[PDB]
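Step one of this worksheet: look at the structure below.
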Amino acid sequence: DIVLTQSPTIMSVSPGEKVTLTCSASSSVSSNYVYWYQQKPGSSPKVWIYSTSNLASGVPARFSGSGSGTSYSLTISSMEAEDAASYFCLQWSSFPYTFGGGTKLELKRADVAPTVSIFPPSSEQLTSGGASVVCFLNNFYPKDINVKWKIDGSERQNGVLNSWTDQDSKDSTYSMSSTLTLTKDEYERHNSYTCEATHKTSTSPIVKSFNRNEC
Amino acid sequence: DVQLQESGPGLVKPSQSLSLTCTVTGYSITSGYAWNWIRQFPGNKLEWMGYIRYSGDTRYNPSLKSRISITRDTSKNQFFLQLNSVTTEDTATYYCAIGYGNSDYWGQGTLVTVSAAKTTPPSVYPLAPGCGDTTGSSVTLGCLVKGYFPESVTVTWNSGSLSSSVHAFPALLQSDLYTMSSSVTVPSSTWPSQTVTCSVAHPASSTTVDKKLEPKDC
Ligand SMILES: C[C@]12CCC[N@+]([O-])(CC(=O)Nc3ccc(NC(=O)CCCC(=O)O)cc3)[C@@H]1CC[C@@]1(C)O[C@@H]21
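Protein chains in written order, with our numbering: chain A, 1 to 215; chain B, 1001 to 1218.
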């Protein structure tokens, strides 16, 4: 019932950089029973290091563990793109066995502006009295991008549902998705719908808008 | 060998018990090992729940007071998890696992949503660009899957043929109802000459609908 604390909880690492994850326990625990787990999205955790410093099978040499008492750490000597995942430290020294909060590792790559797309509602939806306007902000980095929705120049914040994918395995980029949902009514009551993207990249926001011209 | 697979209802109503089975193949659950039931909550926090040792004696996470119960079936080679008086907090992906040293084996994990919410099928909406999209080098289509529950919606393009450059975004809950989307990108020469359909499935509601993206303009 020892409490395990992991820091940092989230961290971006440049390729080749040496990173150390830490795992502090509320009370001393036997190194022998301190395991580390790596979890890539979509899969369950896989034992990465067992008994504090012993590498599990398949684990590459750039990894290593060290510790005793209260402090235990996982180390990566030269960060690689495949090393981006969550690392959980577990303890089965005391009962019950407890895990740490995890540490999500993000892989840094060349900055990139998102390719924006804006889509008006489909007829199928309007027929139901609903009106969603979707905007896709794809293949960008960093992930801290800000999305504002304009309507005839005005800004609308309520009724906006956003979603990001996890960092890509291939290109290390992100993709967002903003859905401004309105009634068929305020929709049929305005003209231009703007999806303004404010990223770390371009000074001039990435703007993509359409007008409800009925087509 | 040595494989673990979780199974059971993925949607239980509050005040009820959720039961899961972990079917083990390639190793007797009596030969050795502790057979753990481990859960991951949304947010990713993992919690060790308990185990049934090869010999038959169980150990339980005290937090899971008198709600947990783990039993097994020697002949069929599988152990069970019965968690009583559940609440929305027990919503999580449940795993059954074993391991010692460098070796470990986990099941694929099974999602379980605890909710008093009625299962609702999705409404799939094709997402095509406005009248006159200029048509740059490539075209980016989309697919909005809205208002469903519980979780587990699967979206493929052209039955999986169109794999590259697709982006399925995780589902967001809003008003005790999920919304999800997926964009795909092909070269301007592909669409709309070659058909691009959206394939959606929500097993919970037995719905499977295909929505091809017809163009608004030309
Ligand atoms: C590490 C955690 C948490 C603590 C408990 N165990 O079960 C290890 C564990 O105790 N393993 C464990 C313990 C005892 C045996 N013993 C035997 O198999 C006895 C063999 C006898 C013989 O050789 O005849 C085998 C394996 C688990 C493994 C899986 C994982 C993700 O939850 C962790």
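All residues carry an ideal CB built from backbone N, CA and C; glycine is no exception.
Here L1127 (chain B) is buried: its Cβ has 16 or more other Cβ atoms, across all protein chains shown, within 10 Å.
If you check the CB distance, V1155 (chain B) and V1012 (chain B) do not come in under 7 Å. Annotated three-state conformation of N211 (chain A) is strand, per DSSP. Apart from the 5 residues on each side of it in sequence, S31 (chain A) sits with its Cβ closer than 7 Å to the Cβ of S51, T52, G67, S68 in its chain, given in chain order. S1152 (chain B) sits away from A1168 (chain B), with the two beta carbons spaced by 7 Å or more. According to the DSSP assignment, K46 (chain A) belongs to no alpha helix (DSSP H) but to the beta strand (DSSP E) extending over 46-50. Burial of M79 (chain A) is indicated by the presence of at least 16 other C-beta atoms within 10 angstroms of its C-beta. Looking at the DSSP output, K104 (chain A) shares a beta bridge with A:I10, A:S86.
In terms of side-chain proximity, the C-beta atom of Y1105 (chain B) is found no nearer than 6 Å to any non-hydrogen atom of ligand 1.
The way I'd put it, the region 106-118 of chain A does touch the region 79-92 of chain A; three or more beta-carbon pairs between them come closer than 8 Å. Inclusion of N1036 (chain B) in the 6 Å shell around ligand 1 follows from its C-beta lying nearer than that to a non-hydrogen atom of the ligand. Look at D171 (chain A) here: in three-state DSSP terms it is coil, with no helix or strand label.
Between the alpha carbons of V3 (chain A) and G1032 (chain B) lies a gap of roughly 29 Å.
For the 7 Å CB-CB criterion, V134 (chain A) and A197 (chain A) do not form a contact.
When DSSP states are grouped into helix, strand and coil, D1217 (chain B) belongs to the coil group. For chain A, the residues of the region 1167-1191 of chain B that bring a beta carbon within less than 7 Å of one of its beta carbons are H1167, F1169, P1170, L1172, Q1174, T1179, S1181, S1183, in chain order. For the pair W1157 (chain B) and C1143 (chain B), the Cα-to-Cα distance works out to about 10 Å.
Using a cutoff of 6 Å, the CB of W36 (chain A) does not count as near ligand 1, since none of the ligand's heavy atoms is closer than that. For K1045 (chain B), the chain A residues whose Cβ falls inside 8 Å of its Cβ are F99, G101, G102, in order along the chain.
Between ligand 1 and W92 (chain A), a heavy atom-to-CB distance of less than 6 Å is present. For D1073 (chain B), there is no enclosing alpha helix (DSSP H); the residue is part of the beta strand (DSSP E) that begins and ends at 1068-1073. Less than 7 Å separates the beta-carbon of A131 (chain A) from that of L182 (chain A). If you check the CB distance, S178 (chain A) and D152 (chain A) do not come in under 7 Å. Two segments are said to touch when three or more pairs of C-beta atoms, one from each, lie closer than 8 Å; by this definition the region 1070-1081 of chain B touches the region 1015-1032 of chain B. Apart from the 5 residues on each side of it in sequence, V19 (chain A) sits with its Cβ closer than 8 Å to the Cβ of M11, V13, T75, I76, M79, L105 in its chain, given in chain order. Listed in chain order, the non-local C-beta contacts of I1068 (chain B) below 6 Å within the same chain comprise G1050, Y1060, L1083, local neighbours out to five positions each way being set aside.
Contact check for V1200 (chain B) and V1209 (chain B): beta-carbon distance about 5 Å, within the 8 Å limit, so the pair qualifies. Of the heavy atoms belonging to ligand 1, none sits nearer than 6 Å to the Cβ of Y1027 (chain B). If you check the CB distance, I1038 (chain B) and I1052 (chain B) do not come in under 7 Å. For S1015 (chain B), no alpha helix (DSSP H) encloses it, and the DSSP letter there is neither H nor E. Look at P120 (chain A): its C-beta is under 7 Å from a C-beta on chain B.
Residue contact with chain B for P96 (chain A): present (Cβ-Cβ distance below 7 Å to some residue of chain B).
The continuous stretches of beta strand (DSSP E) do not include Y187 (chain A), which lies in the alpha helix (DSSP H) extending over residues 184-188.
The C-alpha of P1122 (chain B) is placed about 16 Å away from the C-alpha of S123 (chain A). Residues of the region 28-44 of chain A with a C-beta less than 9 Å from any C-beta of chain B: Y35, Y37, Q39, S43, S44, listed in chain order.
In this chain, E17 (chain A) is not harboured by any beta strand (DSSP E), its DSSP state being neither H nor E.
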